Amino acid sequence: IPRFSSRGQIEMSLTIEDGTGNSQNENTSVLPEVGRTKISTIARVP
Amino acid sequence: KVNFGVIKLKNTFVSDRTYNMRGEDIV
Amino acid sequence: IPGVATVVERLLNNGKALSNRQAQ
């Protein structure tokens, strides 16, 4: 959910989930396999 | 005698929000 | 997210007076 704020700053409420699903000869060595991460927060950016 | 007005909030959201704390829900 | 019609109609509700003005 984005919106504006003083001096044209952009404030946002964020829910983010991302990542892979575990799937085990160097196959995992080549593929990304970056785990899973979810972050829920709210922040504003100039 | 009466006034109808529009106020433009900047630094906050207007609608009440809900957050989950894995058991202690916060409004 | 409510509509302009609903919001304005609910605004003009339960008021006993006249002589109104507008505020930005």
# chains A, B, ... in the order shown; residues from 1 in each chain; ligands from 1
>>> residues_around(residues="range 6-19 of chain C", least_positions_apart="5", cutoff="9 Å", atoms="only C-alpha atoms", output="PDB file with N, CA, C and O atoms, in the first residue's frame")
ATOM      1  N   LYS B   1     -22.090  29.187  10.791  1.00  0.00           N
ATOM      2  CA  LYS B   1     -22.832  28.394  11.763  1.00  0.00           C
ATOM      3  C   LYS B   1     -22.437  26.924  11.678  1.00  0.00           C
ATOM      4  O   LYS B   1     -22.258  26.265  12.699  1.00  0.00           O
ATOM      5  N   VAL B   2     -22.312  26.408  10.458  1.00  0.00           N
ATOM      6  CA  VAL B   2     -21.844  25.048  10.225  1.00  0.00           C
ATOM      7  C   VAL B   2     -20.708  25.107   9.215  1.00  0.00           C
ATOM      8  O   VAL B   2     -20.649  26.010   8.378  1.00  0.00           O
ATOM      9  N   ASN B   3     -19.794  24.144   9.298  1.00  0.00           N
ATOM     10  CA  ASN B   3     -18.686  24.075   8.362  1.00  0.00           C
ATOM     11  C   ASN B   3     -18.473  22.632   7.950  1.00  0.00           C
ATOM     12  O   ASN B   3     -18.424  21.740   8.805  1.00  0.00           O
ATOM     13  N   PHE B   4     -18.362  22.415   6.642  1.00  0.00           N
ATOM     14  CA  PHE B   4     -17.947  21.142   6.071  1.00  0.00           C
ATOM     15  C   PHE B   4     -16.552  21.317   5.496  1.00  0.00           C
ATOM     16  O   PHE B   4     -16.306  22.255   4.735  1.00  0.00           O
TER      17      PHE B   4
END
>>> interface_residues(of="chain C", to="chain B", cutoff="6 Å", atoms="only C-alpha atoms", output="PyMOL selection string")
chain C and resi 19-24
>>> interface_residues(of="chain A", to="chain B", cutoff="8 Å", atoms="only C-alpha atoms", output="PyMOL selection string")
chain A and resi 4-6
>>> select_by_dssp(residues="chain C", states="helix (DSSP H, G or I)", output="ChimeraX atom specification")
/C:4-11
>>> atom_distance(atom1="CA of residue 2 in chain C", atom2="CA of residue 11 in chain A")
21.8 Å
>>> select_by_dssp(residues="chain C", states="strand (DSSP E or B)", output="PyMOL selection string")
chain C and resi 20-23
>>> write_last_selection(atoms="N, CA and C atoms", output="short mmCIF file (atom, residue, chain, number, x, y, z; two decimals), in the first residue's frame")
data_model
loop_
_atom_site.label_atom_id
_atom_site.label_comp_id
_atom_site.auth_asym_id
_atom_site.auth_seq_id
_atom_site.Cartn_x
_atom_site.Cartn_y
_atom_site.Cartn_z
N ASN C 20 -24.10 27.36 6.63
CA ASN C 20 -22.90 26.55 6.51
C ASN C 20 -21.83 27.26 5.68
N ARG C 21 -20.61 26.76 5.81
CA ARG C 21 -19.48 27.23 5.02
C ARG C 21 -18.54 26.05 4.77
N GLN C 22 -17.45 26.32 4.05
CA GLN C 22 -16.55 25.28 3.58
C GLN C 22 -15.13 25.57 4.04
N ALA C 23 -14.42 24.51 4.43
CA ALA C 23 -13.07 24.61 4.97
C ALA C 23 -12.14 23.69 4.19
#
